Amino acid sequence: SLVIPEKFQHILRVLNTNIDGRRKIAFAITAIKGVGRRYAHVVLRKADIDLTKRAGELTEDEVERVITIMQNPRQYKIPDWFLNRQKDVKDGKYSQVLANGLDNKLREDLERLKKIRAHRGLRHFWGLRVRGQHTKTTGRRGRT
Amino acid sequence: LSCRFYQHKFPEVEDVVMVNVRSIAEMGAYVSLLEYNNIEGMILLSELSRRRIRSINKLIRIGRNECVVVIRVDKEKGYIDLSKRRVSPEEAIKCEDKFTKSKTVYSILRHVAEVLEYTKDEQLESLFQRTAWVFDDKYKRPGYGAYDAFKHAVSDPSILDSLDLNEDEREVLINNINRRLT
Amino acid sequence: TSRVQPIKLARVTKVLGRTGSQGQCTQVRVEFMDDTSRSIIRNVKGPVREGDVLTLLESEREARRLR
Amino acid sequence: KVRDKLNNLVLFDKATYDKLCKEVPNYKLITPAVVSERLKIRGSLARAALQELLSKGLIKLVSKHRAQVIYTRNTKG
RNA sequence: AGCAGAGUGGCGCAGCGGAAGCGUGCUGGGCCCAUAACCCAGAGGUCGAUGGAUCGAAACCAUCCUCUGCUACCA
RNA sequence: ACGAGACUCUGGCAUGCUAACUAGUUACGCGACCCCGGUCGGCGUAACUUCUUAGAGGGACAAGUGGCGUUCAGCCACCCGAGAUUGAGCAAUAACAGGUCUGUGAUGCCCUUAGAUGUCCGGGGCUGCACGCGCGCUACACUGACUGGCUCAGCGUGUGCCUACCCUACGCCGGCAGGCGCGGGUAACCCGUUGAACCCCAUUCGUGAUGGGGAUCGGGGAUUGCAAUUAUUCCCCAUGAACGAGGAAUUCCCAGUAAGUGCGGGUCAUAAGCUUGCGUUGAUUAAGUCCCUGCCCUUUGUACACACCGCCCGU
């Protein structure tokens, strides 16, 4: 119960990143890049794990259950508007992407914008503010 | 872990001491005595200089060591008063010489205790009492009873073996003293 | 010092003008209860009136002016 | 000027549990903050342990609030 | 041919186990109606280089390089 | 004679006066529920102005008392009393090379006037970025963040002239931003008893640049509009930077005041980090001084008078 159980794992290696077991399970997997605070609640709600438990004392069955839920969102009654990548420009399907995939997709998106030589790609290549805000006063630490 | 330098828990009046300034205040300031286990003292705005001042940060310089003389010590409530205005340059040389030799002795004995792996304030107090405070009280010299002790015991093992502290820890401390003070 | 001065409790009798550079303090004519003959003038800081008792740590000082 | 970086444990081990069971009911003032400061434990663990001893009947409740709870020991006689 | 001094911020210099600073140069701000005085903050360092013991050297050790204080060209 | 004062608006009260189905109160009847009474912003009609609304009047004048003062102008404190200094509006002579020719079919002079400095359309710029400064918004957390429940306002505005563009209850669809049929209000009638926020209660969090903070950046979906790329605005999911109470210096204020907190109006097809008002919670300090920065009166000195930001001597 309140006494620490046997083989309480201190760290986790979910998707090749260190995840501590001291944080809450609704918030320890937030440190996985691509999954935030709101996305972590739905994954742990479709799967039958209570959110009052800690991260390092859950077992491998429910760990791999929520891991396959995170790599396969849509086949577990998760709606299509809950996804960080909807209607992708290459394959055209709704797919939630994770950390290294997120960096790869952002890198190839910026490469595509620079290749097509749009204004957004040119501003991203120059390293300035691209969303269209005033740069006369704010943004002083860009260079020395 | 840190331990105090001398057996006196608070310094006597009219005693020189090397002081690091911690923070400036309105009526005075907050400082820390290095050789008395980092207790909070006070320096006054009127105790800075006899002449007029045009910059308070020109001579205080929080983050820098300063030599001050003790003025009023209250052991009942832990109140320490310091004075930089009465500090003469004649005793200043002896002041950082005593401070450097005391801090090198403290560093050597703290390294020996860290090798011995004892993490307790009472344990450091007991081992440092067995090492330095006993011969300091024997020779009757505050600060001067340690550097000359290690200088005379680097080449003489019989002088260092007079203290009945331990055997293995005593040999480790003797080797650490002979390795540094050569 | 080597002198543990006993504290004196004294009662004001009248309020004089307000001295000081910015008028922060005022002068009072104050008298003691242990000897209700001795009356001294003191510079007191803060909101005072006629009837409040002041705790004097020493009783042998006479009130200086603003400078 | 010592830092002494804090590491407050989340789950009770063998020794902290029975030192709590021998020291916390012998405290005049019992608060989750002060028992977390004394035993170097996390705040939620302190609240859970004091709720457990409240259910066990060794802790007398005084006042209950959303900001803090105040607990006291029982009489020896 | 050789012995010692010195190698630190643009310049001058202090520092020897618990550890990159001072004077001054530059830039910016404040004070004033404005300028000069005055005050504050920041940037700028393989501590000449290499290797080693040391828990850990700008420092302890050995070598090399540079400019002076000196014996001097010595077959 | 002007200025001040006097005057005007508003706030603070009168169980007395005048009247309220576009504002209510109290009795009575009907109706619903609970265990003989209680609740109902459910329904309706016998008095009334206690709430609300707004008109005439009243009330405060240093009036009474005790001290200080030529016992004059006045000051201090106290009793009865809703108040014994509510807040604003208006505001004299003399001038400033103060700002406005970009408010004007107010205007002198000068320039241009058909390849126009008039006018109109299309595109762009007014946002552009090694840097400096000013007014501001959000934070640096546990007097706190998140998640539910409970509960309380006042100023306003609202279908427009050539002028097209209003505020919205109710029902359905969708997580949300939103979309479609139906009705009301030219307004104490409808939105609306304006179920506002801050607060209060109860979980989760536990001193960790952390569930603080939300900058930067990617994808998708709606609305306005002829047109949004240099992202109009909004919504959803990711990304999670600096920031640990701020150096020299400097601004504003003393009573329902500062501060915290939200709501209206102005711009508005789309629209508040700005301004102007409104209400809620609600303090610490002080009844003084001329020290700093300045102001009013008098005396004194002056080689200054576009008036000390003056004048003026020498190498």
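Protein chains in written order, with full-length UniProt numbering: chain A, 2 to 145; chain B, 4 to 185; chain C, 3 to 69; chain D, 38 to 114.
Ideal placement from N, C-alpha and C gives every residue a C-beta, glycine not left out.
When we look at the beta-carbon of residue i and count the other beta-carbons within 10 Å, is it buried (16 or more) or exposed?
i	result
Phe153/B	buried
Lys78/A	exposed
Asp139/B	buried
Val55/C	exposed
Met21/B	buried
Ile96/D	buried
residue 12/D	The displayed coordinates of chain D run from 38 to 114. Any statement about residue 12/D would go beyond what the structure contains.
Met71/A	buried
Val16/B	exposed
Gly44/B	buried
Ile107/D	exposed
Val118/B	exposed
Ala119/A	exposed
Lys123/B	exposed
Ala70/D	exposed
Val72/B	buried
The alpha helix (DSSP H) spanning residue i covers which residue range?
i	result
residue 3/B	Given a span of 4 to 185 for chain B in the structure shown, any question on residue 3/B remains unanswerable.
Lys47/C	Unbroken run through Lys47/C is the beta strand (DSSP E), 41 to 47; no alpha helix (DSSP H).
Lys116/A	100 to 117
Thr69/A	61 to 72
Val99/D	That residue, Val99/D, is in no alpha helix (DSSP H); its beta strand (DSSP E) goes 97 to 101.
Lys56/D	51 to 60
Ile79/A	Here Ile79/A belongs to no alpha helix (DSSP H), and DSSP marks it neither H nor E.
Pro6/A	Here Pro6/A belongs to no alpha helix (DSSP H), and DSSP marks it neither H nor E.
Please report the straight-line C-alpha distance between residue i and residue j, rounded to a whole angstrom.
i	j	result
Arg144/A	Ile27/B	35 angstroms
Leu114/A	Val90/A	12 angstroms
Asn68/B	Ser35/B	10 angstroms
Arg20/C	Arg40/C	23 angstroms
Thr185/B	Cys58/D	55 angstroms
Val15/A	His42/A	17 angstroms
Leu127/B	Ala116/B	7 angstroms
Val72/D	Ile5/A	19 angstroms
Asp92/A	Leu129/A	30 angstroms
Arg173/B	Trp136/B	15 angstroms
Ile117/A	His125/A	13 angstroms
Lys51/D	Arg182/B	45 angstroms
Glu33/C	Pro145/B	53 angstroms
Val90/B	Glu99/B	13 angstroms
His11/B	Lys54/A	53 angstroms
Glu58/A	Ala29/A	12 angstroms
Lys56/D	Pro62/D	11 angstroms
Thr15/C	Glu29/B	35 angstroms
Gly48/C	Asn41/B	38 angstroms
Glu89/D	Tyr39/B	46 angstroms
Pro92/B	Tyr9/B	24 angstroms
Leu91/D	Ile50/A	28 angstroms
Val157/B	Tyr150/B	11 angstroms
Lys38/D	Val64/A	44 angstroms
What residue does the beta strand (DSSP E) around residue i start on, and which one ends it?
i	result
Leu11/C	10 to 17
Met21/B	19 to 27
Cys27/C	27 to 34
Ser110/B	No beta strand (DSSP E) holds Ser110/B; the alpha helix (DSSP H) holding it covers 95 to 119.
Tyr108/D	106 to 109
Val55/C	55 to 58
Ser81/D	First-last for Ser81/D: 80 to 92, but that is the alpha helix (DSSP H), not the beta strand (DSSP E).
For residue i, verify whether its CB is less than 8 angstroms away from any heavy atom of the ligand SAM.
i	result
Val67/A	The model on display carries no ligand, and the ligand SAM is accordingly not part of it.
query = What residues from the region 61 to 86 of chain D come within 7 angstroms of chain A, judged by C-beta to C-beta, listed N to C?
reply = Of all residues in the region 61 to 86 of chain D, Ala85, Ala86 have a Cβ within less than 7 angstroms of some Cβ in chain A.
(request) Please name the residues in the region 4 to 18 of chain A whose beta-carbon is closer than 9 angstroms to at least one beta-carbon of chain D, in chain order. (result) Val4, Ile5, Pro6, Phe9
### Task
Return the chain-ordered ranges of every beta strand (DSSP E) run that is complete within the UniProt domain "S1 motif" (17 to 88) of chain B and spans a minimum of 3 residues.
19 to 27, 32 to 36, 68 to 77, 82 to 86
TODO: Quick one: which residues of the region 124 to 136 of chain A get their C-beta closer than 9 angstroms to a C-beta of chain D? List them in chain order.
DONE: Per Cβ criterion, the list is empty.
- Run through the region 143 to 178 of chain B for me and flag every whole alpha helix (DSSP H) of 4 or more residues, listed as ranges in chain order. 147 to 156, 160 to 163
Members of the region 52 to 76 of chain A that neighbour chain D once the beta carbon cut-off is set at 8 angstroms: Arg55, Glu58
- Got a sec: which bits of the region 42 to 60 of chain D sit with their beta carbon under 8 angstroms from any beta carbon on chain A, in order along the chain? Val47, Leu48, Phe49, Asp50, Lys51, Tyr54
* Asked: Relative to chain D, which residues along the region 16 to 47 of chain A have a C-beta separation below 7 angstroms, given in chain order?
  -> Hits within the stretch, in order: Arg23.
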